[PDB]
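Data block for model25.txt (compact mmCIF, C-alpha atoms):
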```txt
# COMPACT_ATOMS: atom_id res chain seq x y z
CA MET F 1 128.01 121.50 98.51
CA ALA F 2 131.58 122.38 97.54
CA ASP F 3 132.34 119.84 94.84
CA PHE F 4 131.84 120.78 91.22
CA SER F 5 128.76 122.95 91.73
CA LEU F 6 126.82 123.61 88.54
CA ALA F 7 124.63 126.67 88.09
CA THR F 8 120.86 126.79 88.47
CA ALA F 9 120.41 128.42 85.05
CA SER F 10 122.90 126.05 83.41
CA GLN F 11 120.94 122.84 84.04
CA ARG F 12 119.73 121.07 80.89
CA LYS F 13 116.11 120.34 79.98
CA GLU F 14 114.51 118.00 77.44
CA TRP F 15 111.36 118.23 75.30
CA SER F 16 109.57 115.13 74.02
CA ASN F 17 108.40 114.53 70.46
CA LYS F 18 105.35 112.38 71.25
CA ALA F 19 102.21 114.43 71.86
CA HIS F 20 98.84 113.52 73.34
CA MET F 21 95.37 114.28 72.01
CA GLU F 22 91.90 114.69 73.50
CA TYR F 23 89.40 111.81 73.47
CA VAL F 24 86.45 112.24 71.11
CA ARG F 25 83.96 109.34 71.68
CA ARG F 26 83.38 108.64 67.97
CA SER F 27 79.58 108.21 67.52
CA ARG F 28 76.60 106.47 69.08
CA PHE F 29 74.65 106.74 65.80
CA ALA F 30 77.27 104.83 63.79
CA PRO F 31 75.73 101.30 63.44
CA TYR F 32 72.44 102.87 62.27
CA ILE F 33 73.54 104.92 59.23
CA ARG F 34 73.27 102.72 56.14
CA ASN F 35 72.11 103.11 52.53
CA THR F 36 69.54 100.29 52.45
CA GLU F 37 65.78 100.56 52.94
CA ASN F 38 65.53 98.93 56.39
CA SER F 39 67.84 101.40 58.15
CA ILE F 40 66.91 104.07 60.68
CA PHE F 41 69.02 106.90 59.22
CA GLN F 42 68.95 106.39 55.46
CA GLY F 43 71.47 107.86 53.03
CA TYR F 44 71.04 108.83 49.38
CA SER F 45 73.89 108.91 46.86
CA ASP F 46 71.76 110.33 44.04
CA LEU F 47 73.40 113.76 44.19
CA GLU F 48 76.84 112.16 44.48
CA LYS F 49 76.10 111.32 40.85
CA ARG F 50 75.58 113.75 37.98
CA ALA F 51 74.28 117.05 39.48
CA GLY F 52 71.66 118.64 41.69
CA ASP F 53 70.76 120.87 44.61
CA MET J 1 112.69 69.23 147.31
CA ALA J 2 115.90 67.89 148.84
CA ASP J 3 117.65 66.34 145.86
CA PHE J 4 120.20 68.37 143.95
CA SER J 5 118.45 71.73 144.28
CA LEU J 6 119.70 74.33 141.82
CA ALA J 7 119.45 78.05 142.50
CA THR J 8 116.81 80.40 141.13
CA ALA J 9 119.42 82.83 139.80
CA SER J 10 121.56 80.01 138.38
CA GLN J 11 118.98 78.74 135.86
CA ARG J 12 120.00 79.11 132.21
CA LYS J 13 118.15 81.11 129.56
CA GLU J 14 118.33 81.15 125.76
CA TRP J 15 117.93 83.89 123.14
CA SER J 16 116.87 83.13 119.57
CA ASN J 17 118.54 84.45 116.42
CA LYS J 18 115.44 84.58 114.20
CA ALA J 19 113.55 87.87 114.48
CA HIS J 20 110.09 88.90 113.34
CA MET J 21 109.04 92.01 111.42
CA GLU J 22 105.86 94.06 111.09
CA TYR J 23 103.52 93.55 108.12
CA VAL J 24 103.45 96.39 105.59
CA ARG J 25 100.66 95.69 103.00
CA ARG J 26 102.78 96.60 99.95
CA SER J 27 100.57 98.80 97.70
CA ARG J 28 97.07 98.96 96.25
CA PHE J 29 98.27 101.31 93.48
CA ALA J 30 100.87 98.86 92.17
CA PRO J 31 99.19 97.37 89.03
CA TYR J 32 98.37 100.91 87.82
CA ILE J 33 101.81 102.56 87.68
CA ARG J 34 103.27 102.01 84.21
CA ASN J 35 105.24 104.05 81.67
CA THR J 36 102.90 103.64 78.69
CA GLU J 37 100.22 106.06 77.49
CA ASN J 38 97.13 104.06 78.52
CA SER J 39 98.00 103.90 82.23
CA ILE J 40 96.31 105.70 85.10
CA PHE J 41 99.46 106.84 86.92
CA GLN J 42 102.00 107.58 84.19
CA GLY J 43 105.75 107.75 84.70
CA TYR J 44 108.38 109.76 82.83
CA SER J 45 112.03 108.74 82.56
CA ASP J 46 113.09 111.91 80.72
CA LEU J 47 114.95 113.32 83.73
CA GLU J 48 116.51 109.92 84.43
CA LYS J 49 118.43 110.81 81.27
CA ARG J 50 120.82 113.70 80.77
CA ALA J 51 119.81 116.49 83.22
CA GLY J 52 116.97 118.66 84.46
CA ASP J 53 114.89 120.01 87.32
```
Please rewrite the model in this file as structure tokens.
Amino acid sequence: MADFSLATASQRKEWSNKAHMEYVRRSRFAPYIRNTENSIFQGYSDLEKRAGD
Amino acid sequence: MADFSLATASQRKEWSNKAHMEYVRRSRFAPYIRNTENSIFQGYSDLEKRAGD
């Protein structure tokens, strides 16, 4: 063209602020981890109290 | 016949104004092109703003 002809290295760009993450697929063992006695994977909060190894 | 016998090249014709088109079958990708983040084919309007290549 021969109108106002802007340069190739003078053309603007733009960078976005919103970023994407990668999917993780949380857990398939999550409904089965409880602290009661009739659970498959049983937890113990006895060392969350006073002390121990 | 031997009544009023009109000529073969003197018979009228008529041309219609309503025309037909060819079917196109719009798009099978049309419910899947959005601008959000949970879409399959994602669009970006960042160059529809100020400038860029």
Should the cut-off be 8 Å, what would the residue list for chain F against chain J look like, counting all atoms listed in the file, as a ChimeraX atom specification? /F:11-14
Under the rule that only C-alpha atoms are counted, which of J:34, J:45, J:29, J:2 is the nearest residue to residue 15 in chain F?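 Result for the nearest residue to residue 15 in chain F: J:45.
Reported to one decimal place, the separation of CA of residue 48 in chain J from CA of residue 33 in chain J is 16.8 Å.
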Quick check, in Å to one decimal: how far apart do CA of residue 41 in chain J and CA of residue 25 in chain F lie?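 CA of residue 41 in chain J sits 21.9 Å away from CA of residue 25 in chain F.
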One number please: CA of residue 31 in chain J to CA of residue 20 in chain F, in Å, one decimal. 22.5 Å
